[PDB]
Each structure stands twice: as C-alpha cells, then as structure tokens.
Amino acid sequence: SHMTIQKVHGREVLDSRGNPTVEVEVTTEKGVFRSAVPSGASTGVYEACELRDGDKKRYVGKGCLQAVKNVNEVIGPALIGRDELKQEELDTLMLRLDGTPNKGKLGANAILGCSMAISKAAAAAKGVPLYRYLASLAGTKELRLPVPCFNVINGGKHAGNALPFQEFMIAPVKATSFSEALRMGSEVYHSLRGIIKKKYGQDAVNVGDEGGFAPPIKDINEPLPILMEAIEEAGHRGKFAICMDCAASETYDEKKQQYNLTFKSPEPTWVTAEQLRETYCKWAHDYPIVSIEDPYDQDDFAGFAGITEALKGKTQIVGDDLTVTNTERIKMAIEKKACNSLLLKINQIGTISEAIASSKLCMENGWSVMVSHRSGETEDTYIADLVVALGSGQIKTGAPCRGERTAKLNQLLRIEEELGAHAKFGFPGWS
C-alpha cells in the first residue's frame, strides 16, 4: 500500500562532452533510483525530440531546464502514488501526457529518464537486479553477456581530424567470456596507441568523444590495416572481427545526391553511392568485417537493401539513423529488406516500453540487435543491464577508455560475476 512512487525529481547534469542533459530520480520506500539521459551528435532526423532551452546565455542554447521543469511539474506529479511495476501503463501515460508523435511537447529527454528510473524502482520492488527485471518485461528466454564493439579509431563528428566516417571498431568475437573480451579489447587498444604514435607521431594519440584515437587520417580505408596490426601485436590474431559505423548521413548532400568524404576539410570530395558499395564489398572481402552500420543516408532504403543482400551471411547491415529505434521506421526497413540489424538507442525513441517493442519486433523478423550508447554519454550504466536483459549478444559502448564508456563495461563485469561461469557470452553467429 505504501509500495508506490513517493517522489519524482529531475535535474540538469553534464554529459561527457560537458553539455547539459537530464537526470531523473524516482524515490520509493526501497530507495532513490537514478537514471540520466544520453545525447547524440550525429542524430538522425527521425529521432524523438531532444528538448533544449535555446538560451544563448546558458551553455550557448544547450540548457535542459525546460525538460527538467516538465519532469518536475508535469510528469512527476502524475507518477506520485502510482505502482512502478506497471511499466507499460506508465510509459503509455507519459506518451499520452505528451500527446505528440515525436515527444515534442514534453521532450523525449524528460520522458526517458522517468521511464528508465521507474524500471529501476520496479526491479527493486520485485527484489531482482535491473537486467532480470527487464528480461521479464522483454520476455527474454536466455540472458547473455554481449560481445563489445570498441570504437577505437574515431572520425566524423566525434573527432578532430579529416576522417569522414565515424566509427572503426574492433570486436573480440572469439573470446569465451566477457572478462576475456574486455581484457583483449583493452590490450589491442594499448598496442594501437603505440602503432598510431609511431606512424603519425605523438600528437596523433589523443582521443575522440568515444575514447578512440583520433589520428590525422583523411582516407576511409587507412584505419583498417592499423586495426589488424594492433590485433596481431597484442597476441590476438584470429580472435577479432571489425565493426564499422559510417554514419553516412553526416556526409550526404541531398541536393547533389552524393557523399562528401572530406566535409571537415576545405575542399570537397564527392562520391556516388555506387562508389561507396565498391568500397564496402572490398572491406568485407579484405577484412573480418562482420558489421557495417549506416552505410548510406538515413532515407536511402534502396542503397541499404542492395548492400544487405550483396553482403548477406558475411556482414550484417545495421540501421541506426535509418531505423531510429522506432517500430514505424523498422516496419519500412523490414518491408524493403533494407537492413538486418537494429542499433537500439533508448533515447532515439524515448520510453523503455517502446525500445523493448523495437527489439522484439526486430528479433522476431530475424535481425540482430546491438544495444548502443550515444556519443554524449554519462556515468549512467542502464544499457549494460539492458543488453544483458535483451539477450542480444552485441553492445557498442565505446573504446575501453573514458569513464562514460568504461562505466558500462565495468557494469557488464558485475553482471557477469552475478550470473556465474555457466552464463552465455557473445554473438553466436560471430563465435
């Protein structure tokens, strides 16, 4: 009877780039449950509304005071006295309280932290860790520790360099435990620093938004041999796969219908999609490239489809800006066989219930699901419990560097330890 939501409180906190974001605390008799909202830099146009203040006098327009106010004065008062166990009911209340398709009234950033923190309070009421609670909500038959995909050379909007494509990842697919995966990842990362420093010098080993090295590289092919060399030097030959996120929307010009591979440089380098596919097929034959995210513009369903079929069985194609963790956009991707993997970003959609529905839809149609961070992260570790709960076997959450990335990896170590040596690890299709 006294087992309901007692208090809801939002505040403005800083993310890992130093920009304001929203954090929410749900207080019950079982404690104070705290969830912070991440923020993207390379954001799809179809993402749910991230609500900013636009006051040029605070954080040059990036304050989240309005979203915080919406938590404190609108959403909070509606949740007091409510049964936190009713995830779908409460998520649906919050959708209706908003009343708009994109969460543009209240903000996906106001709503999401409430959604998240409600589920923490509920897990606690059930007497189970978050990952167990969410796996019941998602109807997951089998927990697993995922293979981490470590963005170790950073480009695009996440890094100070000419490099046009955003993410060059290494994934220890042949590890047999999360423990071993994390150590192998870290070990290759440390070898990679020496390789980059020798090749490009001292000034090349500083880090991007996601903890990856940001070398002075322009050419999109150039990182790949450096990744293989790092893998080998660490003692891990044969044990790794490569994952790519091109984030190609960031380079696309809609009026020219072409991709600028030097958009962060003075002169432009225009490239057709048919010249992009030549490059991708060449990646996939040359390297253990098991995943390619956003190989095309977020509305190029045809390019997406073409490359999903030409690489079927070798290389999964991941919708991120394409799908934006949204069942409507997913349904279009399914219909056109545009891709075969979902990048799941809770803040692309804005409720836990919706993000879970997105995962179930995609896995029912045979896709994989890679739970993801945003490039602007916090100390929050929700996505660690979330990927385990969904049983998907794939997470990208950064290089093994920078606390807003390592916090997630460490939370995965804790979950691992709780589940014991019988706990499943990895993505079966890559193992």
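Throughout, rigid core stands for the largest set of C-alpha atoms superposing within 1.5 Å between the two forms. Each residue number is its position in the shown sequence, starting from 1.
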Please pick 138-146 or 215-223, whichever has its Cα atoms farther from the shown form in 5 other deposited structures of this protein after a rigid core fit.
215-223
Stretch departing more from the displayed form, 156-164 or 170-178, Cα RMS in 5 other deposited structures of this protein (core fit):
156-164
Would you determine, from the values in the PDB entry, which of 61-69 and 377-385 has the greater average C-alpha temperature factor?
61-69
Quick check: 292-300 versus 258-266, which has the larger average CA B-factor in the record?
258-266
Highest-ranked of 103, 199, 96, 86 once sorted by CA temperature factor in the record
199
Based on the PDB record, which member of 357, 224, 112, 324 exhibits the highest Cα temperature factor?
224
Could you say whether, by C-alpha temperature factor, residue 172 belongs to the lowest, middle or highest third of its chain?
middle
Of the three thirds of the chain ranked by Cα temperature factor, residue 421 occupies the highest
Cα B factor band for residue 335 (lowest, middle or highest third within the chain):
highest
Place residue 117 in the lowest, middle or highest third of its chain's C-alpha B-factors, as listed in the PDB entry.
lowest
Which third, lowest, middle or highest, does the C-alpha temperature factor of residue 8 belong to within its own chain?
lowest
